[PDB]
Amino acid sequence: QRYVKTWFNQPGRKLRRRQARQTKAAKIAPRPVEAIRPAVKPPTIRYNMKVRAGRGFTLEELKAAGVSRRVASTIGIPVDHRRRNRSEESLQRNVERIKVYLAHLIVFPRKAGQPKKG
Amino acid sequence: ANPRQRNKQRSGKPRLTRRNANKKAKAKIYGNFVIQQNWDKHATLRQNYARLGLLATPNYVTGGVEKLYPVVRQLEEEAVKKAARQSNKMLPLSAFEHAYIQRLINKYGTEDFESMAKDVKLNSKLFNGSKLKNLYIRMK
Amino acid sequence: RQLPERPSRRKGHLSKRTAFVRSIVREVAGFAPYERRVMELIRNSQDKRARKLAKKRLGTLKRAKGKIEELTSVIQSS
RNA sequence: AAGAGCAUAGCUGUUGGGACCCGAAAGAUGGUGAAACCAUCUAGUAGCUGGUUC
RNA sequence: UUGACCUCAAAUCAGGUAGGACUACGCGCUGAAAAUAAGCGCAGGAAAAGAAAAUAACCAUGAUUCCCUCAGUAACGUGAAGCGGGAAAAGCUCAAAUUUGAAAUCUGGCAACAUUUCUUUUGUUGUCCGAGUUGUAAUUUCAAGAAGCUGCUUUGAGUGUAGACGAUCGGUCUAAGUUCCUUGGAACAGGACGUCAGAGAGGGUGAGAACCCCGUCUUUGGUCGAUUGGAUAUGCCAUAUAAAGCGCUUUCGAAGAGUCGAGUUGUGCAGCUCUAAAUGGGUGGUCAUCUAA
């Protein structure tokens with residue numbers, strides 16, 4: 001029962017993180033605070049009946065959904081080069097996760113580079 | 001207590017008083033001008049996002065929501081406006097290319113893009129057929 | 001769903017060059033003390049004594065096995 | 001065999017933390033002198049002595 | 001007789017850098033009567049860890065760290081981990097493949113030209129010497145990829161100006177009794193009569209002061225600055241003879257060694273003895289999973 005961890009900074013850690021959320025999105029307004037995560041099945045027998053947020057959409061999920069790896073991280077769609085679709089169920093649950101995302105997305109135009117000649 | 005903090009307790013030099021604390025350090029918004037006008041410097045960020053019609057997060061909220069009782073259109077028209085102003089992605093041909101494709105088309109007809117590619121003298125750069133059409137359509 | 005091959009699992013198959021580069025070094029470098037002793041025992045056909053010597057040197061049977069056919073093929077080519 | 005618990009607060013008991021307060025002979029580390037000394041470990045060790053407040 | 005190099009020196013050579021301090025938290029190493037204390041080395045505002053030589057046995061998960069849970073369980077009084085819930089999220093770079101139709105690369109000297117928290121800072125351009133082919137750039141990193149063919153979609157390591165918007169440093173602006181009566185050295189006290197309040201926090205003033213004074217509220221702000229962050233509008237240049245994503249393939253796909261590992265020894269790592277391979281190797285339960293050095 002030596003050195004103790006005492007949580008008197010729990011209420012101030014609650015606000016420190018709230019202000020960090022406030023500081024972050026204020027820097028990147030139009031875009032959401034967080035990325036979209038996929039929906040994945042937990043890897044056990046106690047938990048395979050539930051759905052939970054994944055780490056990102058695999059290469060094939062984005063390929064069928066219509067975004068390539070390079071343009072999918074710009075618009076905020078994390079990729080997961082580890083995860084892979086072993087069954088058509090997970091493919092369809094996450095392909096139509098990006099479908100609703102790409103419908104609700106307003107990609108603002110950037111600045112182009114136009115050389116004087118061709 | 002430490003000698004260091006006893007130094008400026010028994011010293012005569014005034015401190016470096018730095019006035020920083022602000023209750024409710026709600027950070028004001030920069031970035032997009034549209035949102036910066038229609039921000040509420042009092043309400044919270046998740047209220048403001050839902051007020052404007054912007055999804056704060058696409059993923060489920062890991063706690064409670066706020067139940068007190070039992071801009072998006074502007075962003076859309078602004079978006080399609082800029083896409084219209086910066087739309088002419090077509091590029092002309094430089095004077096070199098203007099001659100480069102003309103000499104190829106003046107001698108291999110106009111549609112035999114496989115023949116021009118096989119040419120060894122006029123097609124010095126060894127441009128593939130896909131780029132030859134690209135330079136063709138770019139001329140018009 | 002069948003899955004396209006992940007290019008990491010391709011690892012260790014072989015190459016036409018990496019095999020060729022390994023063949024040249026085998027000839028150029030020569031042979032280690034123990035490989036010289038093992039090779040002589042094959043020529044004298046004391047293979048059972050030869051193979052048991054290899055396992056003592058390397059440590060495992062498959063490693064000891066694999067080196068034997070490397071040397072025997074070298075013998076036939078020579 | 002027609003489920004009674006779960007949480008919290010209080011009282012008391014007990015076990016462990018310095019553990020009601022004080023107190024024993026050694027030791028260990030790292031030093032300073034020429035085995036001794038110094039600051040740490042250290043509130044070391046108690047089966048025992050003394051005290052323990054209307 | 002003259003020269004290439006290779007290795008090695010010297011210089012108060014031109015320009016640089018290291019040491020010591022602090023040590024709450026960091027990373028090592030050493031280590032007692034707890035992997036503790038003490039000792040030793042080394043850093044930063046965090047350090048370390050970190051994009052799987054990872055779990056699992058599923059309908060599978062998917063860098064790291066941290067919190068809760070797992071759980072006082074498992075294994076052997078010590079004391080896990082995966083899964084589960086959360087906080088945060090971001091990915092990437094080399095070596096190994098001929099730029100071979102062109103070392104395309106870089107340090108330095110001088111010369112200029114700008115820029116500046118800044119005469120203190122930071123570069124660009126030219127030019128000469130060298131570095132470098134025993135390999136500096138471009139390309140590629142296994143998630144791949146290269147080379148062809150194809151046809152669609154994309155592009156600035158620019159520089160001024162302007163305004164809005166946040167960030168910091170300093171200066172600056174702020175409502176209303178000090179009216180009477182008694183006490184007293186003193187009215188900040190008692191009573192009477194009034195005011196202010198987005199200000200009745202606190203302090204000072206000759207005793208309990210919202211109205212004497214400093215402040216407090218306004219301020220989640222006005223004002224003059226001084227530097228700046230990132231976007232927006234607009235101007236001027238731009239190497240685009242280019243570079244990049246994705247279809248397709250009658251082509252290919254390089255992947256880290258005295259290291260893995262076997263024997264023994266000291267407490268996973270380390271020492272000694274020996275010493276590998278290429279669908280190979282590692283780790284799990286013939287399959288699965290990962291692809292170290």
# chains A, B, ... in the order shown; residues from 1 in each chain; ligands from 1
call {"tool": "interface_residues", "arguments": {"of": "chain A", "to": "chain D", "cutoff": "12 Å", "atoms": "only C-alpha atoms (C1' of nucleotides)", "output": "VMD selection string"}}
result
chain A and resid 1 to 3
call {"tool": "residues_around", "arguments": {"residues": "residue 74 (chain B)", "least_positions_apart": "3", "cutoff": "12 Å", "atoms": "only C-alpha atoms (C1' of nucleotides)", "output": "short mmCIF file (atom, residue, chain, number, x, y, z; two decimals) with C-alpha atoms, in the first residue's frame"}}
result
data_model
loop_
_atom_site.label_atom_id
_atom_site.label_comp_id
_atom_site.auth_asym_id
_atom_site.auth_seq_id
_atom_site.Cartn_x
_atom_site.Cartn_y
_atom_site.Cartn_z
CA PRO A 30 -16.72 22.57 -41.44
CA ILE A 106 -19.33 18.44 -49.23
CA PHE B 33 -15.52 32.33 -42.40
CA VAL B 34 -19.10 31.06 -42.75
CA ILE B 35 -19.02 29.13 -39.48
CA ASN B 38 -22.61 31.94 -37.23
CA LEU B 52 -25.91 24.61 -37.99
CA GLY B 53 -26.90 21.20 -39.33
CA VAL B 71 -25.74 27.48 -43.11
CA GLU B 77 -24.02 27.02 -52.86
CA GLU B 78 -20.61 28.40 -51.89
CA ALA B 79 -19.09 24.98 -52.60
CA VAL B 80 -20.58 24.57 -56.07
CA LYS B 81 -19.69 28.20 -56.83
#
call {"tool": "residues_around", "arguments": {"residues": "residue 58 (chain C)", "least_positions_apart": "5", "cutoff": "7 Å", "atoms": "only C-alpha atoms (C1' of nucleotides)", "output": "PyMOL selection string"}}
result
(chain C and resi 63-64) or (chain E and resi 262+274-275)
call {"tool": "write_last_selection", "arguments": {"atoms": "N, CA and C atoms (P, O5', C5', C4', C3', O3' and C1' of nucleotides)", "output": "PDB file, in the first residue's frame"}}
result
ATOM      1  N   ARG C  63      17.792 -28.796 -40.257  1.00  0.00           N
ATOM      2  CA  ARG C  63      18.957 -28.031 -40.687  1.00  0.00           C
ATOM      3  C   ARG C  63      20.092 -28.961 -41.093  1.00  0.00           C
ATOM      4  N   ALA C  64      20.353 -29.986 -40.278  1.00  0.00           N
ATOM      5  CA  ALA C  64      21.372 -30.966 -40.632  1.00  0.00           C
ATOM      6  C   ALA C  64      21.005 -31.700 -41.911  1.00  0.00           C
TER       7      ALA C  64
ATOM      8  P     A E 262      16.263 -23.446 -29.989  1.00  0.00           P
ATOM      9  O5'   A E 262      17.499 -24.446 -30.073  1.00  0.00           O
ATOM     10  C5'   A E 262      17.355 -25.734 -30.650  1.00  0.00           C
ATOM     11  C4'   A E 262      18.656 -26.496 -30.637  1.00  0.00           C
ATOM     12  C3'   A E 262      19.342 -26.634 -29.288  1.00  0.00           C
ATOM     13  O3'   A E 262      18.795 -27.633 -28.451  1.00  0.00           O
ATOM     14  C1'   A E 262      20.916 -25.915 -30.857  1.00  0.00           C
ATOM     15  P     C E 274      33.772 -22.621 -31.512  1.00  0.00           P
ATOM     16  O5'   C E 274      32.532 -23.273 -32.269  1.00  0.00           O
ATOM     17  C5'   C E 274      32.550 -24.645 -32.631  1.00  0.00           C
ATOM     18  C4'   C E 274      31.171 -25.167 -32.952  1.00  0.00           C
ATOM     19  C3'   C E 274      30.470 -24.544 -34.146  1.00  0.00           C
ATOM     20  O3'   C E 274      30.924 -25.045 -35.388  1.00  0.00           O
ATOM     21  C1'   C E 274      28.963 -24.672 -32.345  1.00  0.00           C
ATOM     22  P     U E 275      31.304 -24.023 -36.564  1.00  0.00           P
ATOM     23  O5'   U E 275      29.897 -23.547 -37.133  1.00  0.00           O
ATOM     24  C5'   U E 275      28.964 -24.483 -37.645  1.00  0.00           C
ATOM     25  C4'   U E 275      27.557 -23.947 -37.595  1.00  0.00           C
ATOM     26  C3'   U E 275      27.264 -22.733 -38.456  1.00  0.00           C
ATOM     27  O3'   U E 275      27.058 -23.061 -39.816  1.00  0.00           O
ATOM     28  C1'   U E 275      26.342 -22.418 -36.306  1.00  0.00           C
TER      29        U E 275
END
call {"tool": "closest_atom_pairs", "arguments": {"of": "chain A", "to": "chain E", "cutoff": "10 Å", "atoms": "only C-alpha atoms (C1' of nucleotides)", "output": "JSON lines"}}
result
{"residue": "A:17", "atom": "CA", "partner": "E:87", "partner_atom": "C1'", "distance": 8.5}
{"residue": "A:26", "atom": "CA", "partner": "E:166", "partner_atom": "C1'", "distance": 9.4}
{"residue": "A:27", "atom": "CA", "partner": "E:230", "partner_atom": "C1'", "distance": 8.3}
{"residue": "A:34", "atom": "CA", "partner": "E:89", "partner_atom": "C1'", "distance": 8.9}
{"residue": "A:35", "atom": "CA", "partner": "E:89", "partner_atom": "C1'", "distance": 9.1}
{"residue": "A:40", "atom": "CA", "partner": "E:61", "partner_atom": "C1'", "distance": 8.3}
{"residue": "A:41", "atom": "CA", "partner": "E:59", "partner_atom": "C1'", "distance": 6.8}
{"residue": "A:42", "atom": "CA", "partner": "E:61", "partner_atom": "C1'", "distance": 6.2}
{"residue": "A:43", "atom": "CA", "partner": "E:60", "partner_atom": "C1'", "distance": 4.3}
{"residue": "A:44", "atom": "CA", "partner": "E:58", "partner_atom": "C1'", "distance": 4.9}
{"residue": "A:45", "atom": "CA", "partner": "E:58", "partner_atom": "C1'", "distance": 6.3}
{"residue": "A:46", "atom": "CA", "partner": "E:83", "partner_atom": "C1'", "distance": 8.4}
{"residue": "A:47", "atom": "CA", "partner": "E:84", "partner_atom": "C1'", "distance": 8.1}
{"residue": "A:48", "atom": "CA", "partner": "E:59", "partner_atom": "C1'", "distance": 6.3}
{"residue": "A:49", "atom": "CA", "partner": "E:59", "partner_atom": "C1'", "distance": 7.5}
{"residue": "A:50", "atom": "CA", "partner": "E:59", "partner_atom": "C1'", "distance": 9.6}
{"residue": "A:54", "atom": "CA", "partner": "E:62", "partner_atom": "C1'", "distance": 8.6}
{"residue": "A:55", "atom": "CA", "partner": "E:62", "partner_atom": "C1'", "distance": 7.3}
{"residue": "A:56", "atom": "CA", "partner": "E:62", "partner_atom": "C1'", "distance": 9.3}
{"residue": "A:58", "atom": "CA", "partner": "E:143", "partner_atom": "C1'", "distance": 9.7}
{"residue": "A:59", "atom": "CA", "partner": "E:143", "partner_atom": "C1'", "distance": 8.2}
{"residue": "A:67", "atom": "CA", "partner": "E:246", "partner_atom": "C1'", "distance": 9.9}
{"residue": "A:68", "atom": "CA", "partner": "E:246", "partner_atom": "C1'", "distance": 7.9}
{"residue": "A:69", "atom": "CA", "partner": "E:245", "partner_atom": "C1'", "distance": 9.4}
{"residue": "A:70", "atom": "CA", "partner": "E:245", "partner_atom": "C1'", "distance": 7.6}
{"residue": "A:71", "atom": "CA", "partner": "E:245", "partner_atom": "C1'", "distance": 8.5}
{"residue": "A:73", "atom": "CA", "partner": "E:90", "partner_atom": "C1'", "distance": 9.7}
{"residue": "A:78", "atom": "CA", "partner": "E:90", "partner_atom": "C1'", "distance": 9.3}
{"residue": "A:79", "atom": "CA", "partner": "E:143", "partner_atom": "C1'", "distance": 9.7}
{"residue": "A:80", "atom": "CA", "partner": "E:62", "partner_atom": "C1'", "distance": 7.6}
{"residue": "A:81", "atom": "CA", "partner": "E:143", "partner_atom": "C1'", "distance": 4.8}
{"residue": "A:82", "atom": "CA", "partner": "E:62", "partner_atom": "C1'", "distance": 5.8}
{"residue": "A:83", "atom": "CA", "partner": "E:62", "partner_atom": "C1'", "distance": 6.1}
{"residue": "A:84", "atom": "CA", "partner": "E:62", "partner_atom": "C1'", "distance": 9.7}
{"residue": "A:85", "atom": "CA", "partner": "E:60", "partner_atom": "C1'", "distance": 9.9}
{"residue": "A:86", "atom": "CA", "partner": "E:60", "partner_atom": "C1'", "distance": 8.7}
{"residue": "A:87", "atom": "CA", "partner": "E:59", "partner_atom": "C1'", "distance": 8.3}
{"residue": "A:89", "atom": "CA", "partner": "E:59", "partner_atom": "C1'", "distance": 8.2}
{"residue": "A:90", "atom": "CA", "partner": "E:59", "partner_atom": "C1'", "distance": 8.5}
{"residue": "A:111", "atom": "CA", "partner": "E:156", "partner_atom": "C1'", "distance": 9.6}
{"residue": "A:112", "atom": "CA", "partner": "E:155", "partner_atom": "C1'", "distance": 6.8}
{"residue": "A:113", "atom": "CA", "partner": "E:156", "partner_atom": "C1'", "distance": 5.7}
{"residue": "A:114", "atom": "CA", "partner": "E:155", "partner_atom": "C1'", "distance": 8.1}
{"residue": "A:115", "atom": "CA", "partner": "E:238", "partner_atom": "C1'", "distance": 6.3}
{"residue": "A:116", "atom": "CA", "partner": "E:238", "partner_atom": "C1'", "distance": 7.4}
{"residue": "A:117", "atom": "CA", "partner": "E:240", "partner_atom": "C1'", "distance": 7.5}
{"residue": "A:118", "atom": "CA", "partner": "E:240", "partner_atom": "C1'", "distance": 5.8}
call {"tool": "interface_residues", "arguments": {"of": "chain E", "to": "chain C", "cutoff": "10 Å", "atoms": "only C-alpha atoms (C1' of nucleotides)", "output": "PyMOL selection string"}}
result
chain E and resi 142-145+253-255+261-263+274-281+290-291
call {"tool": "interface_residues", "arguments": {"of": "chain C", "to": "chain A", "cutoff": "10 Å", "atoms": "only C-alpha atoms", "output": "PDB file with N, CA, C and O atoms, in the first residue's frame"}}
result
ATOM      1  N   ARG C   1     -15.885 -15.714 -48.776  1.00  0.00           N
ATOM      2  CA  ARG C   1     -15.149 -14.973 -49.792  1.00  0.00           C
ATOM      3  C   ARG C   1     -13.694 -15.404 -49.867  1.00  0.00           C
ATOM      4  O   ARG C   1     -12.997 -15.441 -48.853  1.00  0.00           O
ATOM      5  N   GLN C   2     -13.239 -15.738 -51.070  1.00  0.00           N
ATOM      6  CA  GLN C   2     -11.823 -15.976 -51.291  1.00  0.00           C
ATOM      7  C   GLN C   2     -11.091 -14.644 -51.346  1.00  0.00           C
ATOM      8  O   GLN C   2     -11.634 -13.630 -51.792  1.00  0.00           O
ATOM      9  N   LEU C   3      -9.845 -14.649 -50.878  1.00  0.00           N
ATOM     10  CA  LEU C   3      -9.138 -13.393 -50.729  1.00  0.00           C
ATOM     11  C   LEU C   3      -7.876 -13.364 -51.581  1.00  0.00           C
ATOM     12  O   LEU C   3      -7.123 -14.343 -51.606  1.00  0.00           O
ATOM     13  N   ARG C   6      -1.996 -11.687 -50.006  1.00  0.00           N
ATOM     14  CA  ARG C   6      -1.284 -10.579 -49.392  1.00  0.00           C
ATOM     15  C   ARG C   6       0.200 -10.717 -49.699  1.00  0.00           C
ATOM     16  O   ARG C   6       0.788 -11.761 -49.398  1.00  0.00           O
TER      17      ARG C   6
END
call {"tool": "closest_atom_pairs", "arguments": {"of": "chain E", "to": "chain B", "cutoff": "10 Å", "atoms": "only C-alpha atoms (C1' of nucleotides)", "output": "Markdown table"}}
result
| residue | atom | partner | partner_atom | distance |
| --- | --- | --- | --- | --- |
| E:85 | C1' | B:62 | CA | 9.6 |
| E:86 | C1' | B:62 | CA | 8.0 |
| E:148 | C1' | B:128 | CA | 9.6 |
| E:149 | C1' | B:130 | CA | 8.2 |
| E:150 | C1' | B:130 | CA | 6.3 |
| E:151 | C1' | B:130 | CA | 7.1 |
| E:153 | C1' | B:89 | CA | 9.8 |
| E:154 | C1' | B:89 | CA | 8.3 |
| E:155 | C1' | B:89 | CA | 9.9 |
| E:164 | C1' | B:33 | CA | 8.2 |
| E:165 | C1' | B:30 | CA | 5.8 |
| E:166 | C1' | B:30 | CA | 5.5 |
| E:220 | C1' | B:41 | CA | 6.2 |
| E:229 | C1' | B:30 | CA | 9.8 |
| E:230 | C1' | B:31 | CA | 6.8 |
| E:231 | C1' | B:31 | CA | 5.4 |
| E:232 | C1' | B:33 | CA | 8.1 |
| E:240 | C1' | B:94 | CA | 8.9 |
| E:241 | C1' | B:96 | CA | 7.2 |
call {"tool": "closest_residue", "arguments": {"among": "A:24, A:39, A:32, A:9", "to": "chain B", "atoms": "only C-alpha atoms"}}
result
A:32
call {"tool": "residues_around", "arguments": {"residues": "residue 123 (chain B)", "least_positions_apart": "2", "cutoff": "10 Å", "atoms": "only C-alpha atoms (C1' of nucleotides)", "output": "CSV table (one decimal) with C-alpha atoms, in the first residue's frame"}}
result
chain,number,residue,atom,x,y,z
B,100,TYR,CA,5.1,18.2,-82.0
B,101,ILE,CA,1.6,16.8,-82.5
B,103,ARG,CA,4.1,16.9,-87.5
B,104,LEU,CA,2.8,13.6,-86.3
B,116,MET,CA,2.4,7.1,-84.6
B,117,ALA,CA,3.6,5.3,-81.5
B,118,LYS,CA,5.6,2.8,-83.5
B,119,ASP,CA,7.3,5.7,-85.4
B,120,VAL,CA,10.9,6.1,-84.4
B,121,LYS,CA,11.9,9.4,-86.0
B,125,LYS,CA,10.1,11.0,-77.2
B,126,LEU,CA,8.5,7.6,-77.5
B,127,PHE,CA,5.1,8.8,-76.3
B,128,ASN,CA,2.6,6.0,-75.8
B,132,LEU,CA,-0.9,10.8,-78.2
